[PDB]
Amino acid sequence: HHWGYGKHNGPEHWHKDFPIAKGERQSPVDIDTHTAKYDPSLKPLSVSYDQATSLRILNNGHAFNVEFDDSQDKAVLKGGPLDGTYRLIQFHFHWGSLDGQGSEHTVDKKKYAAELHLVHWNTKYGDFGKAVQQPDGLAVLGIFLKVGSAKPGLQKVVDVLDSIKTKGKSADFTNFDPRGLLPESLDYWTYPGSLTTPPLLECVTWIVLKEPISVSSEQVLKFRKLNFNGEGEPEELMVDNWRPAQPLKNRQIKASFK
Ligand SMILES: [SeH]Cc1ccccc1
Ligand SMILES: [Zn+2]
């Protein structure tokens with residue numbers, strides 16, 4: 001009876017196995033755009049993905065991860081609110097059953113159709129498993145998806161999903177350039193938070209871009225054909241794999257822009 005996104009095992013149940021679910025810096029949160037303060041001391045983000053080496057795509061039973069070679073400084077996030085260098089390890093998405101829901105963060109209570117998470121770990125802790133034990137261990141770049149025009153740079157991901165339909169399936173996924181998933185502007189909001197899936201560790205500096213990317217209805221419909229279940233098991237479509245907004249508590253959201 002493992003955690004997931006159902007009635008009997010969804011987000012309102014996670015606290016029984018993971019008591020930090022009710023902690024002081026949980027994610028996601030609603031971003032109240034009028035309350036977020038412009039912090040003129042924040043720096044421009046530095047997103048350096050030109051040497052990124054993608055390896056594999058995995059259906060892990062709760063999302064799909066596009067995994068990168070993180071054995072060297074090849075794809076790194078620095079600047080903005082960050083001290084030091086964070087290495088890209090994977091990206092994944094969270095999405096809905098319908099276009100009106102799917103994002104984890106919200107903006108003035110608005111839900112987007114999906115949300116991309118580019119996960120990076122702080123190289124001063126040496127490995128990802130050590131980094132998640134630290135309050136500044138991870139930096140996650142969050143990007144909202146709205147449905148409209150297709151995102152050309154997403155199509156290579158969309159077209160491999162039929163090969164990883166069910167939990168535990170993986171496929172080779174080399175030479176994928178994550179620069180084709182970025183919006184034009186790197187304006188962002190930032191706050192201290194957590195992983196949005198168990199173990200819900202409070203180790204993340206969140207950097208949430210203001211500008212959403214557009215994807216087509218056909219692109220998101222293919223996300224919604226994935227399965228939470230393993231091969232041969234009753235089909236349960238992989239939809240609504242998002243955690244709702246959590247209490248902000250004693251936190252301030254800072255804006256990079258006026
Ligand atoms: Se919800 C972002 C995230 C997912 C898996 C591991 C680290 C961070
Ligand atoms: Zn995520």
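Numbers here simply count residues along the sequence, with the first being 1. For ligands, and for the atoms within them, numbers begin at 1 and follow the listed sequence. The figures here come from the full heavy-atom set of this structure, side chains too, leaving out hydrogens, waters and symmetry mates.
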Residue, atom name and distance, where the atom is the protein heavy atom closest to atom 7 (C) of ligand 1: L195 CD2, 3.3 Å

Part of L138 within contact of ligand 1 (heavy atoms, under 4.0 Å): side chain

Mutual orientation of the aromatic rings belonging to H117 and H92 [parallel < 30°, tilted 30-60°, perpendicular > 60°]: perpendicular

Side-chain donor-acceptor pair present, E235, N227, cut-off under 3.5 Å: yes

Check: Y5/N241 side-chain N/O donor and acceptor closer than 3.5 Å: no

Option set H117, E115, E104, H92, criterion heavy-atom distance to atom 4 (C) of ligand 1, minimum: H92

Opening angle between NE2 in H92 and ND1 in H117, taken at the Zn ion (ligand 2), to 10 degrees: 110°

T196 contact mode with ligand 1 (heavy-atom cut-off under 4.0 Å): both

Donor-acceptor pair between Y191 and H105 side chains, under 3.5 angstrom: yes

Side-chain donor-acceptor pair present, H13, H8, cut-off under 3.5 Å: no

Enumerated ligand 1 atoms positioned under 4.0 Å from heavy atoms of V119: 2 (C), 3 (C), 7 (C), 8 (C)

Distance-only donor-acceptor check, side chains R87 and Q72, under 3.5 Å: no

Numbered atoms and elements of ligand 1 in range of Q90, under 4.0 angstrom, heavy atoms: 4 (C), 5 (C), 6 (C)

